[PDB]
Amino acid sequence: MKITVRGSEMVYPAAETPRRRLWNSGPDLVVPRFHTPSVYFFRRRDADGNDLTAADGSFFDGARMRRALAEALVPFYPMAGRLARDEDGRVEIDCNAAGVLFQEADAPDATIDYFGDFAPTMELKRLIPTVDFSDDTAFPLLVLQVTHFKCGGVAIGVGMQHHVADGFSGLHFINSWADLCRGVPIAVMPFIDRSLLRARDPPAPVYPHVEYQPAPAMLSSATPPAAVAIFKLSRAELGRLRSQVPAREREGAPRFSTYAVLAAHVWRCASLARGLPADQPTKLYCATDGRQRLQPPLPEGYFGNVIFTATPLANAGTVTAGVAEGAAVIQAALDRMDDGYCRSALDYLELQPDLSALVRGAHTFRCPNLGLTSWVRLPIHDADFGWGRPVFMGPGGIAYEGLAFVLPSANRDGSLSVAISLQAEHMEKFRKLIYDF
């Protein structure tokens, strides 16, 4: 489709902000080097047919948005900074207010329906500003593009460098930016001090942290194309999937989380689709929010990365045997993510000679392994700038196979969607397995 950029300027904070280097904790460091993409979609009508155009005739006015942005970058000032390194070469956030990129764009001939079910194909990359990554310290930490489509639809494309914050804090920012645009004040101010996640001195890990160890390889005696798709499960279908996993009665344990059950189903379908034999090890990466796992909990508004990863690992024979079998492995891995495990992780990271080596990429999630992230308890549909809530929010283009995302439904109908990337041949199979229960 045809998209032209009609305007692009750096936006700076609306007031004086602290000039300082912001220290990064271990979890702030073991993140992807380039911008993490996400996209919001908005329609001009509310499905009841109601026009969402404002009384002043506005609909995502770039000027009002840029205004509210500059304002949000005051409390959220690190978002306006750049990367940098200290004496020791440790990456940190140079809070220099070098600003965030804001672009407006037009898709003259296409409606947002061009994007269909909104699967995170690489077609979505067009909705986010292109970044020149030639210099770590050159590029802005946040780029934004508002694209206006034929028939009145709007996309907001977000590219955020994850050293500054995880998805939880990123959404806190986006939602605060929207709050201000809609004319409501920021409910929870960010708390900006990552020293709360410093390692103990001396470090004292008590687990080996399997989550940072190398992922299993295919058993031995050109990169295949990567397909991306999205699959919806109704509240009723999820209920039926759950009812297939016997409650832990004689056990006395709580029932498996819905997350563990759905994740086991996805892991199973992916492993079957990939044709893994029973003796093939496979590792699932489940990102976990440490904010409330740590004790005492971090301050409300804590601004940064607090991600700790549960990595269930089993032979494919176990995962493919049944959803119950996979769910038990997954729930056991989730259950070990307590305060002690998370603090041990901080110590483990402190002992590493090179954190950049633990960063996960295409090599981590390629067959036989898999990443699964849930956004189900994230406020991803709360970004109402004054012209309505999004009808969809998702990842903005998955470049390689082995990543899956669970997304709640915007209309609150209790449905979930699974967006996933696999090798093309495996996706062909997966399409026919995901609903086969």
# chains A, B, ... in the order shown; residues from 1 in each chain; ligands from 1
>>> select_by_dssp(residues="segment 43-123 of chain A", states="strand (DSSP E or B)", output="PyMOL selection string")
chain A and resi 45+51+82-85+91-95+100-107
>>> write_last_selection(atoms="N, CA, C and O atoms", output="CSV table (one decimal), in the first residue's frame")
chain,number,residue,atom,x,y,z
A,45,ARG,N,-15.8,5.4,13.6
A,45,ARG,CA,-17.1,5.1,14.2
A,45,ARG,C,-16.9,4.1,15.4
A,45,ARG,O,-16.0,3.3,15.4
A,51,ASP,N,-20.3,8.5,15.2
A,51,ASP,CA,-19.2,9.2,14.8
A,51,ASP,C,-18.3,9.6,15.9
A,51,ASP,O,-18.7,10.2,16.9
A,82,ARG,N,18.8,9.7,25.5
A,82,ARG,CA,19.6,8.9,24.5
A,82,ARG,C,20.3,7.8,25.3
A,82,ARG,O,20.4,7.9,26.5
A,83,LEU,N,20.8,6.8,24.6
A,83,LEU,CA,21.7,5.8,25.2
A,83,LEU,C,23.1,6.4,25.4
A,83,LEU,O,23.4,7.4,24.8
A,84,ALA,N,23.8,5.8,26.3
A,84,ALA,CA,25.2,6.3,26.6
A,84,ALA,C,25.8,5.2,27.5
A,84,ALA,O,25.1,4.3,28.0
A,85,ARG,N,27.1,5.3,27.7
A,85,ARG,CA,27.8,4.3,28.6
A,85,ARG,C,28.6,5.0,29.6
A,85,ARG,O,29.1,6.1,29.4
A,91,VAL,N,25.8,0.4,29.8
A,91,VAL,CA,24.8,1.2,29.2
A,91,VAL,C,24.0,1.9,30.2
A,91,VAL,O,23.6,1.3,31.2
A,92,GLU,N,23.7,3.2,30.0
A,92,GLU,CA,22.8,3.9,30.9
A,92,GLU,C,22.0,4.9,30.1
A,92,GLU,O,22.2,5.0,28.9
A,93,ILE,N,21.0,5.6,30.7
A,93,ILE,CA,20.2,6.5,30.0
A,93,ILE,C,20.7,7.9,30.2
A,93,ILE,O,20.5,8.5,31.3
A,94,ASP,N,21.3,8.5,29.2
A,94,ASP,CA,21.7,9.9,29.2
A,94,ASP,C,20.4,10.8,29.1
A,94,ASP,O,19.8,10.9,28.0
A,95,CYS,N,19.9,11.3,30.2
A,95,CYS,CA,18.7,12.1,30.2
A,95,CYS,C,19.1,13.6,29.7
A,95,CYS,O,19.2,14.5,30.5
A,100,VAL,N,11.8,13.1,21.4
A,100,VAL,CA,11.2,11.9,20.7
A,100,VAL,C,10.7,12.3,19.4
A,100,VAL,O,10.0,13.3,19.2
A,101,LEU,N,10.9,11.4,18.4
A,101,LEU,CA,10.4,11.6,17.0
A,101,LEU,C,8.9,11.4,16.9
A,101,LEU,O,8.3,10.3,17.3
A,102,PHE,N,8.2,12.4,16.3
A,102,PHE,CA,6.8,12.3,16.0
A,102,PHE,C,6.6,12.5,14.5
A,102,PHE,O,7.0,13.6,13.9
A,103,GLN,N,5.9,11.6,13.8
A,103,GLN,CA,5.6,11.7,12.4
A,103,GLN,C,4.2,11.6,12.1
A,103,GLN,O,3.5,10.9,12.9
A,104,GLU,N,3.7,12.3,11.1
A,104,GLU,CA,2.3,12.1,10.7
A,104,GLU,C,2.4,11.5,9.3
A,104,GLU,O,3.3,11.9,8.5
A,105,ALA,N,1.5,10.6,8.9
A,105,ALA,CA,1.5,10.0,7.6
A,105,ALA,C,0.1,9.8,7.0
A,105,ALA,O,-0.9,9.9,7.7
A,106,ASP,N,0.0,9.5,5.7
A,106,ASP,CA,-1.2,9.3,5.0
A,106,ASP,C,-1.2,8.1,4.2
A,106,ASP,O,-0.2,7.8,3.5
A,107,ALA,N,-2.3,7.4,4.2
A,107,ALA,CA,-2.5,6.2,3.3
A,107,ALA,C,-3.7,6.6,2.5
A,107,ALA,O,-4.9,6.3,2.9
>>> residues_around(residues="residue 40 of chain A", least_positions_apart="5", cutoff="8 Å", atoms="only C-alpha atoms", output="VMD selection string")
chain A and resid 155 to 157 390 to 394
>>> closest_residue(among="A:257, A:220, A:130, A:137", to="residue 334 of chain A", atoms="only C-alpha atoms")
A:257
>>> residues_around(residues="residue 233 of chain A", least_positions_apart="3", cutoff="12 Å", atoms="only C-alpha atoms", output="PyMOL selection string")
chain A and resi 230+236-241+262+265-266+406-409+413-419+434-437
>>> write_last_selection(atoms="C-alpha atoms", output="CSV table (one decimal), in the first residue's frame")
chain,number,residue,atom,x,y,z
A,230,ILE,CA,-3.5,-14.3,14.5
A,236,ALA,CA,-16.7,-20.1,25.2
A,237,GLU,CA,-13.9,-21.9,23.4
A,238,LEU,CA,-11.3,-21.0,26.1
A,239,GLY,CA,-13.8,-22.3,28.7
A,240,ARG,CA,-14.0,-25.6,26.8
A,241,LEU,CA,-10.2,-25.8,26.5
A,262,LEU,CA,-3.6,-21.7,26.9
A,265,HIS,CA,-2.1,-25.5,24.1
A,266,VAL,CA,0.0,-23.2,22.0
A,406,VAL,CA,-1.7,-13.4,23.9
A,407,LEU,CA,-3.9,-10.3,23.4
A,408,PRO,CA,-7.1,-9.5,25.3
A,409,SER,CA,-10.1,-8.3,23.2
A,413,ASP,CA,-16.2,-9.9,25.2
A,414,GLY,CA,-13.8,-12.2,27.0
A,415,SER,CA,-12.2,-13.6,23.8
A,416,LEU,CA,-8.4,-13.8,23.5
A,417,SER,CA,-6.2,-13.8,20.4
A,418,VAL,CA,-2.9,-15.5,19.8
A,419,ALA,CA,-0.5,-13.8,17.4
A,434,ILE,CA,-5.0,-24.5,17.0
A,435,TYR,CA,-8.8,-25.1,16.9
A,436,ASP,CA,-8.5,-28.9,16.8
A,437,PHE,CA,-9.8,-29.8,20.3
>>> residues_around(residues="residue 260 of chain A", least_positions_apart="6", cutoff="9 Å", atoms="only C-alpha atoms", output="list in words")
residues 326, 327, 328, 329, 330, 331 and 334 of chain A
>>> residues_around(residues="segment 270-277 of chain A", least_positions_apart="3", cutoff="10 Å", atoms="only C-alpha atoms", output="PyMOL selection string")
chain A and resi 218-219+264-267+280-282+315-317+319-321+367-370+402+420-423+425-434
>>> write_last_selection(atoms="N, CA, C and O atoms", output="compact mmCIF listing (two decimals), in the first residue's frame")
# COMPACT_ATOMS: atom_id res chain seq x y z
N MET A 218 18.07 -28.38 17.87
CA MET A 218 17.49 -29.57 17.26
C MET A 218 18.47 -30.71 17.46
O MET A 218 19.68 -30.51 17.31
N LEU A 219 17.98 -31.90 17.78
CA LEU A 219 18.86 -33.05 17.90
C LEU A 219 19.51 -33.35 16.55
O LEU A 219 18.86 -33.26 15.50
N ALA A 264 0.13 -23.90 27.27
CA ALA A 264 0.41 -25.31 26.99
C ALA A 264 -0.21 -25.74 25.65
O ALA A 264 0.35 -26.55 24.92
N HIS A 265 -1.39 -25.20 25.35
CA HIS A 265 -2.09 -25.53 24.11
C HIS A 265 -1.29 -24.99 22.92
O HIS A 265 -1.06 -25.68 21.93
N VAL A 266 -0.85 -23.75 23.04
CA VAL A 266 -0.05 -23.15 21.97
C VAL A 266 1.28 -23.88 21.81
O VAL A 266 1.70 -24.18 20.70
N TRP A 267 1.92 -24.20 22.93
CA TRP A 267 3.21 -24.89 22.87
C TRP A 267 3.03 -26.25 22.19
O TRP A 267 3.84 -26.68 21.37
N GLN A 280 12.94 -34.79 21.64
CA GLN A 280 13.46 -33.45 21.38
C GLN A 280 13.14 -32.45 22.50
O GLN A 280 11.97 -32.16 22.77
N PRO A 281 14.18 -31.91 23.15
CA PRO A 281 13.93 -30.87 24.15
C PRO A 281 13.41 -29.60 23.52
O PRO A 281 13.78 -29.21 22.40
N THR A 282 12.50 -28.95 24.24
CA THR A 282 11.93 -27.70 23.79
C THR A 282 11.74 -26.80 25.01
O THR A 282 11.36 -27.26 26.08
N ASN A 315 10.83 -32.44 27.24
CA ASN A 315 10.88 -33.13 25.96
C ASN A 315 9.54 -32.93 25.26
O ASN A 315 8.50 -32.82 25.91
N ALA A 316 9.58 -32.85 23.93
CA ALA A 316 8.39 -32.64 23.13
C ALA A 316 7.33 -33.72 23.37
O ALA A 316 6.13 -33.46 23.26
N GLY A 317 7.77 -34.93 23.69
CA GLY A 317 6.85 -36.00 24.03
C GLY A 317 5.91 -35.63 25.17
O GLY A 317 4.74 -36.03 25.18
N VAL A 319 5.13 -32.36 26.10
CA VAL A 319 4.33 -31.24 25.63
C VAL A 319 3.21 -31.70 24.68
O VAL A 319 2.07 -31.24 24.76
N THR A 320 3.54 -32.63 23.78
CA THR A 320 2.57 -33.06 22.78
C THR A 320 1.62 -34.13 23.28
O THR A 320 0.57 -34.34 22.69
N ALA A 321 1.97 -34.78 24.38
CA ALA A 321 1.10 -35.81 24.95
C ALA A 321 -0.28 -35.26 25.29
O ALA A 321 -1.28 -35.97 25.17
N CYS A 367 12.85 -22.78 16.05
CA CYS A 367 12.51 -24.18 16.29
C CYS A 367 13.73 -24.87 16.88
O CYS A 367 14.83 -24.73 16.35
N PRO A 368 13.56 -25.63 17.99
CA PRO A 368 12.35 -26.15 18.67
C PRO A 368 11.76 -25.27 19.78
O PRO A 368 10.85 -25.72 20.47
N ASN A 369 12.24 -24.06 19.95
CA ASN A 369 11.85 -23.28 21.12
C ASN A 369 10.81 -22.23 20.78
O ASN A 369 10.42 -22.11 19.62
N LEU A 370 10.33 -21.51 21.79
CA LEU A 370 9.18 -20.65 21.58
C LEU A 370 9.13 -19.58 22.65
O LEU A 370 9.48 -19.83 23.80
N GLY A 402 8.85 -18.16 16.02
CA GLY A 402 8.99 -18.62 17.39
C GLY A 402 8.51 -17.64 18.46
O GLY A 402 8.73 -17.87 19.64
N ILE A 420 1.16 -15.19 16.42
CA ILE A 420 2.32 -16.06 16.46
C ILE A 420 3.07 -16.06 15.13
O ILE A 420 2.48 -15.86 14.06
N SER A 421 4.39 -16.24 15.21
CA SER A 421 5.22 -16.43 14.03
C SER A 421 5.82 -17.82 14.06
O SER A 421 6.26 -18.29 15.11
N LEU A 422 5.83 -18.48 12.91
CA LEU A 422 6.43 -19.81 12.78
C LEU A 422 7.05 -19.90 11.39
O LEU A 422 6.83 -19.02 10.57
N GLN A 423 7.82 -20.95 11.12
CA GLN A 423 8.23 -21.17 9.73
C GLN A 423 6.98 -21.42 8.89
O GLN A 423 5.99 -21.98 9.38
N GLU A 425 6.05 -23.50 6.51
CA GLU A 425 5.55 -24.87 6.47
C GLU A 425 4.87 -25.27 7.79
O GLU A 425 3.86 -25.99 7.79
N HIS A 426 5.42 -24.81 8.91
CA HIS A 426 4.89 -25.11 10.23
C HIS A 426 3.58 -24.36 10.49
O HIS A 426 2.64 -24.92 11.07
N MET A 427 3.52 -23.11 10.04
CA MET A 427 2.29 -22.34 10.13
C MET A 427 1.13 -22.99 9.37
O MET A 427 -0.03 -22.93 9.82
N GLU A 428 1.42 -23.58 8.22
CA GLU A 428 0.38 -24.25 7.44
C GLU A 428 -0.30 -25.31 8.29
O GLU A 428 -1.52 -25.47 8.26
N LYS A 429 0.51 -26.04 9.05
CA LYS A 429 0.02 -27.08 9.94
C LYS A 429 -0.67 -26.49 11.17
O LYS A 429 -1.75 -26.91 11.56
N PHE A 430 -0.01 -25.50 11.78
CA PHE A 430 -0.52 -24.88 13.00
C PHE A 430 -1.95 -24.36 12.84
O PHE A 430 -2.78 -24.46 13.76
N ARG A 431 -2.24 -23.78 11.68
CA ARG A 431 -3.56 -23.23 11.39
C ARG A 431 -4.65 -24.26 11.59
O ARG A 431 -5.77 -23.92 11.96
N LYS A 432 -4.32 -25.51 11.30
CA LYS A 432 -5.29 -26.60 11.37
C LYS A 432 -5.24 -27.37 12.70
O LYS A 432 -5.99 -28.33 12.89
N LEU A 433 -4.35 -26.96 13.59
CA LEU A 433 -4.24 -27.60 14.91
C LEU A 433 -4.80 -26.75 16.04
O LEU A 433 -5.35 -27.29 17.01
N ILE A 434 -4.66 -25.42 15.92
CA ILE A 434 -4.99 -24.50 17.00
C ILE A 434 -6.46 -24.60 17.47
O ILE A 434 -6.76 -24.36 18.63
>>> closest_residue(among="A:228, A:33, A:115, A:333", to="residue 361 of chain A", atoms="only C-alpha atoms")
A:33
>>> closest_residue(among="A:215, A:226, A:398, A:352", to="residue 364 of chain A", atoms="only C-alpha atoms")
A:215
>>> residues_around(residues="segment 122-124 of chain A", least_positions_apart="4", cutoff="7 Å", atoms="only C-alpha atoms", output="ChimeraX atom specification")
/A:396-399
>>> residues_around(residues="residue 113 of chain A", least_positions_apart="5", cutoff="12 Å", atoms="only C-alpha atoms", output="PyMOL selection string")
chain A and resi 1+41-43+107+118-119+149-155+391-392
>>> closest_residue(among="A:67, A:125, A:182, A:198", to="residue 389 of chain A", atoms="only C-alpha atoms")
A:182
>>> closest_residue(among="A:57, A:99, A:312, A:379", to="residue 284 of chain A", atoms="only C-alpha atoms")
A:312
>>> closest_residue(among="A:136, A:251, A:72, A:351", to="residue 208 of chain A", atoms="only C-alpha atoms")
A:351
>>> atom_distance(atom1="atom CA of residue 65 of chain A", atom2="atom CA of residue 181 of chain A")
6.0 Å
>>> select_by_dssp(residues="segment 109-295 of chain A", states="helix (DSSP H, G or I)", output="VMD selection string")
chain A and resid 112 to 115 122 to 127 150 to 152 167 to 181 194 to 197 210 to 212 235 to 243 258 to 273
>>> decode(residues="segment 317-333 of chain A", atoms="N, CA and C atoms", output="mmCIF file, in the first residue's frame")
data_model
loop_
_atom_site.group_PDB
_atom_site.id
_atom_site.type_symbol
_atom_site.label_atom_id
_atom_site.label_comp_id
_atom_site.auth_asym_id
_atom_site.auth_seq_id
_atom_site.Cartn_x
_atom_site.Cartn_y
_atom_site.Cartn_z
ATOM 1 N N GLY A 317 7.773 -34.933 23.694
ATOM 2 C CA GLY A 317 6.851 -36.004 24.028
ATOM 3 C C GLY A 317 5.909 -35.635 25.168
ATOM 4 N N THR A 318 6.414 -34.882 26.134
ATOM 5 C CA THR A 318 5.597 -34.440 27.257
ATOM 6 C C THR A 318 4.616 -33.352 26.813
ATOM 7 N N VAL A 319 5.133 -32.358 26.098
ATOM 8 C CA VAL A 319 4.328 -31.237 25.634
ATOM 9 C C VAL A 319 3.213 -31.702 24.677
ATOM 10 N N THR A 320 3.542 -32.628 23.781
ATOM 11 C CA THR A 320 2.569 -33.058 22.777
ATOM 12 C C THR A 320 1.618 -34.127 23.283
ATOM 13 N N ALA A 321 1.969 -34.784 24.382
ATOM 14 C CA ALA A 321 1.098 -35.806 24.950
ATOM 15 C C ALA A 321 -0.276 -35.256 25.286
ATOM 16 N N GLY A 322 -0.335 -33.992 25.707
ATOM 17 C CA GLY A 322 -1.605 -33.397 26.076
ATOM 18 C C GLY A 322 -1.443 -32.046 26.741
ATOM 19 N N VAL A 323 -2.509 -31.252 26.723
ATOM 20 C CA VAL A 323 -2.495 -29.915 27.301
ATOM 21 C C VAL A 323 -2.247 -29.958 28.809
ATOM 22 N N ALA A 324 -2.859 -30.920 29.496
ATOM 23 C CA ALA A 324 -2.653 -31.069 30.938
ATOM 24 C C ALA A 324 -1.181 -31.280 31.269
ATOM 25 N N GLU A 325 -0.511 -32.100 30.466
ATOM 26 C CA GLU A 325 0.879 -32.432 30.719
ATOM 27 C C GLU A 325 1.758 -31.192 30.544
ATOM 28 N N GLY A 326 1.506 -30.420 29.493
ATOM 29 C CA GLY A 326 2.243 -29.182 29.297
ATOM 30 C C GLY A 326 1.918 -28.130 30.342
ATOM 31 N N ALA A 327 0.646 -28.039 30.715
ATOM 32 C CA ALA A 327 0.220 -27.025 31.680
ATOM 33 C C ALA A 327 0.889 -27.191 33.052
ATOM 34 N N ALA A 328 1.078 -28.436 33.473
ATOM 35 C CA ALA A 328 1.767 -28.725 34.729
ATOM 36 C C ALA A 328 3.220 -28.241 34.696
ATOM 37 N N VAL A 329 3.916 -28.502 33.594
ATOM 38 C CA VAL A 329 5.290 -28.030 33.457
ATOM 39 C C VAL A 329 5.345 -26.501 33.482
ATOM 40 N N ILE A 330 4.437 -25.867 32.756
ATOM 41 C CA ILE A 330 4.411 -24.407 32.716
ATOM 42 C C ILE A 330 4.074 -23.798 34.076
ATOM 43 N N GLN A 331 3.059 -24.329 34.747
ATOM 44 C CA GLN A 331 2.631 -23.752 36.020
ATOM 45 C C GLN A 331 3.725 -23.928 37.092
ATOM 46 N N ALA A 332 4.415 -25.060 37.061
ATOM 47 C CA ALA A 332 5.541 -25.267 37.971
ATOM 48 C C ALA A 332 6.623 -24.197 37.765
ATOM 49 N N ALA A 333 6.906 -23.870 36.504
ATOM 50 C CA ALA A 333 7.906 -22.848 36.195
ATOM 51 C C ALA A 333 7.447 -21.473 36.660
#
